[PDB]
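All remarks here apply to the structure that follows.
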Amino acid sequence: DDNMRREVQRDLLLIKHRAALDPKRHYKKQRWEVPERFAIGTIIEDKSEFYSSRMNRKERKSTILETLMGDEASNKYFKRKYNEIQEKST
Amino acid sequence: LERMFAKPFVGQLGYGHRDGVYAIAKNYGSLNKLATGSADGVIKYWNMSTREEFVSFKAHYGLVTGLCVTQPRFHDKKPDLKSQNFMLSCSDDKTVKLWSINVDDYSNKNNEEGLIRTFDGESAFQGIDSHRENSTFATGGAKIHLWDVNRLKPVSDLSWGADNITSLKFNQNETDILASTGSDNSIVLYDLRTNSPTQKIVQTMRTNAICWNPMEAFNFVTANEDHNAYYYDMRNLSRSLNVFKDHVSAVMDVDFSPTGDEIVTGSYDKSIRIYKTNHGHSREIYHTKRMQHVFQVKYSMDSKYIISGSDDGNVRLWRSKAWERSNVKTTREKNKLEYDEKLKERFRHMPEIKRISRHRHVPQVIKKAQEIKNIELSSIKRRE
Amino acid sequence: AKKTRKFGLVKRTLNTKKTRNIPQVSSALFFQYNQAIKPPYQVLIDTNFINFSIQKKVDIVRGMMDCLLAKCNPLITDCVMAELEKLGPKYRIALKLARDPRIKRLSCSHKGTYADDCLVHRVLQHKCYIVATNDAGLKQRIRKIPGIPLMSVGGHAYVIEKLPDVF
Amino acid sequence: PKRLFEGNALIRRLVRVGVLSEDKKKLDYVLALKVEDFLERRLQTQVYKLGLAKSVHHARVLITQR
Amino acid sequence: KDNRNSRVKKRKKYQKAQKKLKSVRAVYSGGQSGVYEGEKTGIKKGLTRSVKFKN
Amino acid sequence: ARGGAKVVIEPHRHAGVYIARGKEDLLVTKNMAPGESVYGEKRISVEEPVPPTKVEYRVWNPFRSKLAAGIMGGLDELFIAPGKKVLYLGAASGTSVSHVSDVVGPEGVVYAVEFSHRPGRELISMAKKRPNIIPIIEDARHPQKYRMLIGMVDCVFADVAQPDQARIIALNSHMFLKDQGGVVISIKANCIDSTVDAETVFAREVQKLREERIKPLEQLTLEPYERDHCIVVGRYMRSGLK
Amino acid sequence: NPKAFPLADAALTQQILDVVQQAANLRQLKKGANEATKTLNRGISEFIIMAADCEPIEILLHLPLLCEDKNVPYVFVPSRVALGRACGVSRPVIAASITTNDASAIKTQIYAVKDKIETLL
Amino acid sequence: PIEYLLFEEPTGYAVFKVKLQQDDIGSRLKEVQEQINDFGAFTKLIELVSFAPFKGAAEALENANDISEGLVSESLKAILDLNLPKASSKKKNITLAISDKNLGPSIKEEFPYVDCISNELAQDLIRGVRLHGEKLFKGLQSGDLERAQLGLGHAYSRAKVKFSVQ
Ligand SMILES: [Zn+2]
């Protein structure tokens, strides 16, 4: 429905365009029109992985775009590639 | 609606045999079990319910020339009538072998699978049948021998003359009467309680088969090589009660329905007819491109189906009427069905009804052979 | 839509303009190798193959062993057996030949008696059988199917085509 | 006796090579052998399998460097 | 130099053929190596990479 | 992948399975008894509209569940609905039978059938926490020995590694499976025949089903997850295989 | 011990310990209860050999659960000292795991002994 | 000749009397399997005659364990004693259709005048009865069958594993 609408829309846009977020991943090709019903939710680790797949608390951010821009290697990659394509545009 | 719903062929029994089915013996007691015997030498005991086998005995070196199924009456013990059935195979290489079959009919038990007993012989055995209720089997070779199950030597000899015998059959009621077909084209009635031949009739052509009828005890039909099935009384053998005429090659086997009113005949031509006892013409003809030289035919035991063993190595079972479905039917539909049958019986002889009821498709070879036979008969008639 | 209107619209056209199912490739196949075909072989028999074998007097099991130098289990479907039975009285010898304790029959669930479609579908679904034939249409379809050995009858004994280890 | 003599000799030669196992001492399994078995009994494959070499090509090089 | 040494050419052609095979169909390699990271390349709903039996 | 990342649930093509989209996709089924993990898997938790209620989800591991592998590789018709009673032969543990319970939902049942005793005990505990599963510790070759407990199931799933797999399935499906009923066999050729190879084993077992009156609808070979496994989806026809 | 249900007879022990010794020489073998459990969880174990006179028996009786859960063959041999000598370490090992590798010289013996164990189960 | 047939149930035993037989030569046919599948065509074949329920859950558990091991129970012996007609112990035995070849001989030993049958036909009849279930009970009271299944399954499994409060 029409609350949390901006941040949910940004995250859906991100998941739709996720093939460009990382130059090592290269998902399969699908179109992925936005579904009819969905429910954003968090992943609960087991107590058996406190070292491996436990994430953190000061990095747990309430939005996938927020934690993406909180990451830093993605940030330098993004500014690098964006400067490249901007110079190519001008 | 009947001509549109006529669907006679229902299935076949597994993969069948290799070299053509020449012996068939149904179980007179139970309903599912029959035995088939190929000319290769292998005999099988089919469960018709699941359309599969129970065992498969490679039995002989030569062809099997007769099969019978039974229960022996041993004096050493009473064998299990219920967990086992018994088969009696009559070979070409002078042997009669009696086999057990383990049968899952009843579950009130839990070895001895095959070849209870063997009877060595002097001449090539050619036909076999078993005197019922007394377990005493007669085998027709070059002279017929009455064997007991518990005696390895043949108990008695029955022989009119020194000519061979092709086939035998006991009668159903008054079970001491035997009848025999011998290859000096002769029908000989034998008797057991006097232990002797009884009466001989010499026909023109050889009678390939005989079958008593189960509801009159002194009528029997003979499948005769001049395209005919002769329905004889016993006591007055100087004539025949009826003739059944509609074949074009040698009739190979005959059988009576256990109701005692219909005769099914399989021929050397690749076709199988059903007659009624009263009419003397074919009620129906069954035929397929895949069946050839139907060498044995056995009407079933509940009088609903017709097993037919051809010589391509397949034992196909058919319906006795091409409409009576196996499902249990409600009272409304059953009344409507009997009503339509009775009404068609009443108006049977109108020309339109007769045309659409008799228009059955026959293969072109049988059609052409029938019309050629009719031309030949008419020419003989005008000369006479 | 008149003819002159059609011509005008064609001229304006020229001037203006100037679930699914993808079957997986079998895990038996290095690019065309079909590495799931190791002896003893399993060979699907066809009607024309049986008849030409009768014509050229080669035995099925032993002539096939002479071809492949390995033990071969020939398999006959119900469609092929029905085609033999419908061919009937002139090919009685071929029927008694195909009815044999070593010819392991394998059933089918088809509405019809098209042996070509039965065999093509079998080979599409499994790719462990080698096909035995002499028919040109079935030959062309199976040659378009990748990685399936074809075994025709010809000359004095059988010939095998798409097997790597013919010798 | 021709079959017995030559077949037993062929079987024991293959068993000594190692291509035919112990429990397959029959002419049918001799019919069912293959090129992968023989190339597995070669020496460079045995050196790579026993682990004196990191790869098959490394095994080849070791053998021919004596 | 691949034309020079013949077995180097077969070696390199074989490893290239291995990469291309893995591109053609999904091959088996190892198993799961750590914890279940998830299907790293994505799940597709409407593909059905299964062999349908026809009649 | 981590224990904090937010993901977007979505309905799969199969009714009762979900996809968790994110940087990498996961397969997910709704948990029935929330708060716990039956074999230590990472569980997604959403919230739904009184204060809202937390609905927990679970993640199928395709390297464990041979049914996950079949969903993830892509099967046309998985015979397990959100309301059907399924039979599960060889339910070694919760690691797949709990997920089949979660996908048949709180209405339908699932008759877990196992033979040995130690996973029998752990299956007893897991099926005491779940309502839908009823556990049977009778041998899977003796349908007449556990015939008092199962009535007219809708589709059977088969993960027995025994070499008499087709016979076991024929017995259980003849006595318990409804007509026109789904069968899902998971064939493992290394346990059927170590001598002859995978495609021969698969074609042989498919023909055994075709003999035992199961029309095989389709077949998949779940490769990148498990070496040398097939799953055959078939339909018990019971009358007129044609 | 009925809890050690599949216990090998004499000839079966001889075959099993010979295969263990060859697998240790090739180093296709993982030794110890924790290392065997880790191989089983990894799913890379061919099969499992356990001791029977381990003091006590439960500390390795935890293994059959995972063993048939992932459907791995397992067997008990009488002497942990014999198992240690066959593994080729100076200490008595109570549980060893032959791992899976098909670029291995002893694949045929491994498959034979695994088949015989599976038949014993 | 399939005169009576037994059926075990989590809430007790049911003994049915067969009225009309499907013919055993066309038992593999489309029409006979479809009239097994349809309910209104089944009651022309099978009507209920007796239905004795178990007393309590512990008696149900013990009787299920005895059926599993293949023996006869006290309640089962009582039901068959009340229901089956005593014919002559040498010829013309009374035909009871059951589902277990292992259960066959114990029934035969306890009643020499009865004859067990577990055919493809008897399995087909028992299959139809199991399919139609509570619709065949004509309003006779039973528990919720599925709740009975769950309870008895858990009890039987806990018995075979020996679960423990420790
Ligand atoms: Zn076919």
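Within each chain, counting starts at residue 1; across the structure tokens, chains are named A, B, ... in the order shown, with ligands numbered 1 upward in that order.
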
- Message: Residues near region 97-113 of chain C, anyone? I mean within 6 Å using only C-alpha atoms, not counting same-chain ones fewer than 6 positions away, as JSON, numbers by chain.
- Response: {"B": [18], "C": [74, 75, 76, 77, 78, 79], "E": [55], "F": [242]}

- Can you pull out every residue within 9 Å of residue 104 (chain G), counting only C-alpha atoms, but drop anything in the same chain fewer than 2 positions away, and send it as a list in words?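 Once the nearby chain positions are removed, what remains is residues 49 and 50 of chain D; 26, 28, 100, 101, 102, 106 and 107 of chain G.
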
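For chain D, the residues within 10 Å of chain G are residues 21, 40, 45, 46, 47, 48, 49, 50 and 51 of chain D, with only C-alpha atoms used to measure distance.
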
For the selection just defined, write its residues with N, CA, C and O atoms to a file, as an mmCIF file, in the first residue's frame.
data_model
loop_
_atom_site.group_PDB
_atom_site.id
_atom_site.type_symbol
_atom_site.label_atom_id
_atom_site.label_comp_id
_atom_site.auth_asym_id
_atom_site.auth_seq_id
_atom_site.Cartn_x
_atom_site.Cartn_y
_atom_site.Cartn_z
ATOM 1 N N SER D 21 39.408 -57.131 -13.393
ATOM 2 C CA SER D 21 39.546 -57.339 -11.959
ATOM 3 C C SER D 21 39.601 -58.833 -11.648
ATOM 4 O O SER D 21 39.602 -59.689 -12.532
ATOM 5 N N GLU D 40 44.087 -45.871 -18.010
ATOM 6 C CA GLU D 40 44.268 -45.723 -16.576
ATOM 7 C C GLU D 40 45.372 -46.624 -16.070
ATOM 8 O O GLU D 40 45.958 -46.354 -15.021
ATOM 9 N N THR D 45 49.460 -41.954 -15.596
ATOM 10 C CA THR D 45 48.243 -41.894 -14.817
ATOM 11 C C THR D 45 48.456 -42.497 -13.446
ATOM 12 O O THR D 45 47.918 -42.001 -12.458
ATOM 13 N N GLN D 46 49.268 -43.546 -13.355
ATOM 14 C CA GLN D 46 49.540 -44.116 -12.045
ATOM 15 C C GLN D 46 50.382 -43.192 -11.191
ATOM 16 O O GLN D 46 50.160 -43.114 -9.991
ATOM 17 N N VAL D 47 51.329 -42.471 -11.777
ATOM 18 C CA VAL D 47 52.121 -41.541 -10.987
ATOM 19 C C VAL D 47 51.257 -40.397 -10.488
ATOM 20 O O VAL D 47 51.318 -40.024 -9.308
ATOM 21 N N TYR D 48 50.409 -39.850 -11.359
ATOM 22 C CA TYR D 48 49.504 -38.798 -10.917
ATOM 23 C C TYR D 48 48.523 -39.295 -9.866
ATOM 24 O O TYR D 48 48.189 -38.556 -8.939
ATOM 25 N N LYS D 49 48.074 -40.544 -9.966
ATOM 26 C CA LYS D 49 47.098 -41.042 -9.008
ATOM 27 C C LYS D 49 47.737 -41.343 -7.665
ATOM 28 O O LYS D 49 47.159 -41.028 -6.624
ATOM 29 N N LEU D 50 48.916 -41.964 -7.659
ATOM 30 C CA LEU D 50 49.611 -42.208 -6.404
ATOM 31 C C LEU D 50 50.057 -40.920 -5.750
ATOM 32 O O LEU D 50 50.256 -40.897 -4.535
ATOM 33 N N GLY D 51 50.217 -39.852 -6.513
ATOM 34 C CA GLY D 51 50.434 -38.569 -5.897
ATOM 35 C C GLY D 51 51.864 -38.118 -5.862
ATOM 36 O O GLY D 51 52.222 -37.302 -5.010
#

List as a PDB file with N, CA, C and O atoms, in the first residue's frame the protein and nucleic acid residues near region 71-86 of chain B, meaning an atom at most 9 Å away when only C-alpha atoms are counted, but skip any in the same chain fewer than 3 places from it.
ATOM      1  N   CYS B  68      -4.600 -79.663 -19.788  1.00  0.00           N
ATOM      2  CA  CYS B  68      -5.771 -79.731 -18.939  1.00  0.00           C
ATOM      3  C   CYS B  68      -5.403 -79.179 -17.577  1.00  0.00           C
ATOM      4  O   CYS B  68      -4.255 -79.264 -17.154  1.00  0.00           O
ATOM      5  N   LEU B  98       2.697 -83.612 -14.984  1.00  0.00           N
ATOM      6  CA  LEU B  98       1.746 -83.013 -14.058  1.00  0.00           C
ATOM      7  C   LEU B  98       2.471 -82.044 -13.137  1.00  0.00           C
ATOM      8  O   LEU B  98       3.407 -82.444 -12.430  1.00  0.00           O
ATOM      9  N   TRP B  99       2.009 -80.791 -13.131  1.00  0.00           N
ATOM     10  CA  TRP B  99       2.682 -79.655 -12.513  1.00  0.00           C
ATOM     11  C   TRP B  99       1.807 -79.026 -11.443  1.00  0.00           C
ATOM     12  O   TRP B  99       0.580 -79.022 -11.565  1.00  0.00           O
ATOM     13  N   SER B 100       2.443 -78.465 -10.419  1.00  0.00           N
ATOM     14  CA  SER B 100       1.768 -77.579  -9.484  1.00  0.00           C
ATOM     15  C   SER B 100       1.899 -76.142  -9.940  1.00  0.00           C
ATOM     16  O   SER B 100       2.823 -75.781 -10.661  1.00  0.00           O
ATOM     17  N   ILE B 101       0.958 -75.318  -9.494  1.00  0.00           N
ATOM     18  CA  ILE B 101       1.059 -73.869  -9.570  1.00  0.00           C
ATOM     19  C   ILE B 101       0.754 -73.357  -8.175  1.00  0.00           C
ATOM     20  O   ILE B 101      -0.297 -73.690  -7.614  1.00  0.00           O
ATOM     21  N   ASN B 102       1.653 -72.559  -7.612  1.00  0.00           N
ATOM     22  CA  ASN B 102       1.314 -71.836  -6.398  1.00  0.00           C
ATOM     23  C   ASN B 102       0.408 -70.669  -6.752  1.00  0.00           C
ATOM     24  O   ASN B 102       0.739 -69.859  -7.619  1.00  0.00           O
ATOM     25  N   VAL B 103      -0.735 -70.579  -6.084  1.00  0.00           N
ATOM     26  CA  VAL B 103      -1.789 -69.652  -6.458  1.00  0.00           C
ATOM     27  C   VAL B 103      -2.154 -68.816  -5.240  1.00  0.00           C
ATOM     28  O   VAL B 103      -2.379 -69.361  -4.156  1.00  0.00           O
ATOM     29  N   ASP B 104      -2.218 -67.495  -5.419  1.00  0.00           N
ATOM     30  CA  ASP B 104      -2.498 -66.560  -4.336  1.00  0.00           C
ATOM     31  C   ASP B 104      -3.985 -66.303  -4.152  1.00  0.00           C
ATOM     32  O   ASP B 104      -4.369 -65.208  -3.720  1.00  0.00           O
ATOM     33  N   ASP B 105      -4.829 -67.276  -4.496  1.00  0.00           N
ATOM     34  CA  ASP B 105      -6.269 -67.125  -4.317  1.00  0.00           C
ATOM     35  C   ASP B 105      -6.620 -66.905  -2.855  1.00  0.00           C
ATOM     36  O   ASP B 105      -7.265 -65.914  -2.502  1.00  0.00           O
ATOM     37  N   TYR B 106      -6.190 -67.808  -1.987  1.00  0.00           N
ATOM     38  CA  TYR B 106      -6.427 -67.689  -0.560  1.00  0.00           C
ATOM     39  C   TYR B 106      -5.115 -67.416   0.157  1.00  0.00           C
ATOM     40  O   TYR B 106      -4.034 -67.762  -0.323  1.00  0.00           O
ATOM     41  N   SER B 107      -5.220 -66.790   1.323  1.00  0.00           N
ATOM     42  CA  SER B 107      -4.045 -66.318   2.040  1.00  0.00           C
ATOM     43  C   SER B 107      -3.855 -67.025   3.372  1.00  0.00           C
ATOM     44  O   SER B 107      -3.168 -66.504   4.253  1.00  0.00           O
ATOM     45  N   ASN B 108      -4.438 -68.206   3.542  1.00  0.00           N
ATOM     46  CA  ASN B 108      -4.466 -68.852   4.842  1.00  0.00           C
ATOM     47  C   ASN B 108      -3.316 -69.828   5.053  1.00  0.00           C
ATOM     48  O   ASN B 108      -3.465 -70.786   5.817  1.00  0.00           O
ATOM     49  N   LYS B 109      -2.181 -69.616   4.397  1.00  0.00           N
ATOM     50  CA  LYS B 109      -0.965 -70.372   4.667  1.00  0.00           C
ATOM     51  C   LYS B 109       0.193 -69.394   4.826  1.00  0.00           C
ATOM     52  O   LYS B 109       0.017 -68.177   4.715  1.00  0.00           O
ATOM     53  N   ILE B 116       5.244 -82.149 -10.458  1.00  0.00           N
ATOM     54  CA  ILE B 116       4.877 -83.207  -9.520  1.00  0.00           C
ATOM     55  C   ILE B 116       5.255 -84.572 -10.070  1.00  0.00           C
ATOM     56  O   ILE B 116       5.973 -85.342  -9.424  1.00  0.00           O
ATOM     57  N   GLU B 133     -14.220 -85.101 -11.143  1.00  0.00           N
ATOM     58  CA  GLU B 133     -14.699 -85.606  -9.856  1.00  0.00           C
ATOM     59  C   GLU B 133     -14.043 -86.921  -9.447  1.00  0.00           C
ATOM     60  O   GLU B 133     -14.243 -87.379  -8.316  1.00  0.00           O
ATOM     61  N   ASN B 134     -13.197 -87.493 -10.293  1.00  0.00           N
ATOM     62  CA  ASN B 134     -12.536 -88.749 -10.015  1.00  0.00           C
ATOM     63  C   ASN B 134     -11.064 -88.696 -10.356  1.00  0.00           C
ATOM     64  O   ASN B 134     -10.343 -89.654 -10.053  1.00  0.00           O
ATOM     65  N   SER B 135     -10.603 -87.594 -10.956  1.00  0.00           N
ATOM     66  CA  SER B 135      -9.204 -87.367 -11.332  1.00  0.00           C
ATOM     67  C   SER B 135      -8.653 -88.523 -12.153  1.00  0.00           C
ATOM     68  O   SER B 135      -7.721 -89.214 -11.739  1.00  0.00           O
ATOM     69  N   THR B 136      -9.246 -88.769 -13.314  1.00  0.00           N
ATOM     70  CA  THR B 136      -8.775 -89.891 -14.117  1.00  0.00           C
ATOM     71  C   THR B 136      -8.695 -89.468 -15.568  1.00  0.00           C
ATOM     72  O   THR B 136      -9.725 -89.230 -16.196  1.00  0.00           O
ATOM     73  N   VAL B 149      -3.992 -90.993 -11.903  1.00  0.00           N
ATOM     74  CA  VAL B 149      -2.960 -90.052 -11.482  1.00  0.00           C
ATOM     75  C   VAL B 149      -1.904 -90.756 -10.639  1.00  0.00           C
ATOM     76  O   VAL B 149      -0.707 -90.475 -10.758  1.00  0.00           O
ATOM     77  N   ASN B 150      -2.313 -91.705  -9.808  1.00  0.00           N
ATOM     78  CA  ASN B 150      -1.383 -92.385  -8.925  1.00  0.00           C
ATOM     79  C   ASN B 150      -0.831 -93.672  -9.514  1.00  0.00           C
ATOM     80  O   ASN B 150      -0.359 -94.529  -8.764  1.00  0.00           O
TER      81      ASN B 150
END

- Within 12 Å of chain B: residues of chain F, using only C-alpha atoms, as an MDAnalysis selection string: chainID F and resid 211:213 239:240

- Message: So that I can see what lies close to residue 78 (chain A), please list as a list in words the residues with an atom at most 10 Å from it, counting only C-alpha atoms and leaving out residues fewer than 5 positions away in the same chain.
- Response: residues 20, 21, 22, 69, 72, 73, 83 and 84 of chain A

Generate a file of the selected residues that holds C-alpha atoms, formatted as a PDB file, in the first residue's frame.
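Produced file out19.pdb, reproduced below:
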ATOM      1  CA  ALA A  20      24.983  -3.306 -12.348  1.00  0.00           C
ATOM      2  CA  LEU A  21      25.673  -2.980  -8.626  1.00  0.00           C
ATOM      3  CA  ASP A  22      28.779  -5.148  -8.626  1.00  0.00           C
ATOM      4  CA  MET A  69      25.420   3.216   0.143  1.00  0.00           C
ATOM      5  CA  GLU A  72      32.297   1.719   0.849  1.00  0.00           C
ATOM      6  CA  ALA A  73      33.929  -0.404  -1.875  1.00  0.00           C
ATOM      7  CA  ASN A  83      32.930   9.643 -13.648  1.00  0.00           C
ATOM      8  CA  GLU A  84      33.921   7.399 -16.566  1.00  0.00           C
TER       9      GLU A  84
END
